[PDB]
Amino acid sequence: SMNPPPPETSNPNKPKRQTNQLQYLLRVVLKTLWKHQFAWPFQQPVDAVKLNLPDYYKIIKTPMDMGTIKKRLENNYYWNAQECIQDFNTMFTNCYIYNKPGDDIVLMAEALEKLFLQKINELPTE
């Protein structure tokens, strides 16, 4: 029933680089999704204890949230833009996995995913 530690956000062993794509993922994609009116359930790790969801971390074994993605971008945790895109995709699919089609939280996640994809469509060239 207890929450796991949050995902790691710093990797001292891993080389760092700053690219136009990674800058855009933080300053455009993360920032835009963060300020969306539907963003609140996704801004921090699911507190399954406080929300009374004892089965959440039995079902969701690869948790991800926007606060973690923000920290990973800030800490240069990602070398390839695709690692960051994968984390966003994990966050959305975790919502679809844990919940059921038509739940409001799912409709919120779907709207964020569609906006996310629109912003990714304009990712700077590699």
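If you superpose the two forms and keep the largest set of C-alpha atoms that fall within 1.5 Å, you have the rigid core. Numbering starts at 1 and runs along the sequence shown.
Stretch 68-76 is the one, of 68-76 and 87-95, whose CA positions lie farther from the shown form in 7 other deposited structures of this protein once all structures are superposed by the rigid core.
Structural divergence in 7 other deposited structures of this protein between 16-24 and 113-121: following superposition by the core, 16-24 has C-alpha atoms lying farther from the shown form. Once the C-alpha B-factors are averaged per stretch, 47-55 and 82-90 rank with 47-55 first. When the two stretches 14-22 and 112-120 are set side by side, the higher mean Cα temperature factor goes to 14-22. In the PDB entry, residue 41 places in the middle third of its chain by CA B-factor. Residue 100: CA B factor in the highest third of modelled residues in this chain (values from the PDB entry).
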